[PDB]
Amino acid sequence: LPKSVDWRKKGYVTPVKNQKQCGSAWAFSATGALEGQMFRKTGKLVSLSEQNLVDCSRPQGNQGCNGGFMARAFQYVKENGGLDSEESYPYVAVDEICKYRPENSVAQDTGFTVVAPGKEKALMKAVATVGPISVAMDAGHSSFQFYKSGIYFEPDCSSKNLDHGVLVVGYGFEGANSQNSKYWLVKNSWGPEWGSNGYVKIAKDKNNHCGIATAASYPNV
């Protein structure tokens, strides 16, 4: 596998978004993964609608602004036959009536692939071969809220009890040795002002830190 990967440098990733006061990170994680796969398939980067997922995927088990899961979102896109663009179905950060319009669909998936649970090496293979990967993590810490620089490492982090969905866009390392001081490149949905331009480096190969490889998945397009 490559010593480092950064799908942002290849055009696969949209600018950082902001979920605001709605518990929809699962939807931003899912649109980010679908944006990358649609780019890999067509060469066009098109921002996708989180609101479409918030409003319409209750049957699949999502709860809108009260939480959800990325795999359930990919399930909805498969069952639904499509997903609207951000532009045609704008984000308003509250639960609303489903307004899915097939004529505005710009994405599709046939299901999704699961990374083996807990395997950082398996997550590394998927990031390297596929593109950006949806992942769950434990983000419930002030140290995460005020993250700014460096490789994030929080002793209080759980690898099992997770509460946030994010997007792994690559991986890398500090210094000249590719085998140490490793990190995951993670896209958040708290706006560009949060973190490092909306991104965070999470410690890699430090026993599945914050659960990054516990529940990872990507859409099949």
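The first residue of the sequence shown is number 1, and the count goes up from there.
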query: Averaged over C-alpha atoms, is the B-factor higher for 97-105 or for 132-140 in this PDB entry?
result: 97-105
message: Using only C-alpha atoms and the B-factors in the entry, which stretch averages higher, 110-118 or 81-89?
response: 110-118
Which of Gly170, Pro155, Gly191, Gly165 ranks first by CA B-factor in the deposited coordinates: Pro155
message: Quiz for you: based on the deposited Cα B-factor, which of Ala176, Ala33, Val186, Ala27 is highest?
response: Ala176
- prompt: Should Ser159 be placed in the lowest, middle or highest third of its chain by the C-alpha B factor in the entry?
  reply: highest
message: Lowest, middle or highest third: which one holds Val5 when the chain's residues are ordered by CA B-factor from the entry?
response: lowest
message: Going by the CA temperature factor in the PDB record, which third of the chain does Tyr76 belong to: lowest, middle or highest?
response: lowest
task: Among all modelled residues of this chain, ranked by Cα B factor, put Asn208 in the bottom, middle or top third, i.e. lowest, middle or highest.
output: middle
field: Third of chain Cα B-factors occupied by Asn180
entry: highest
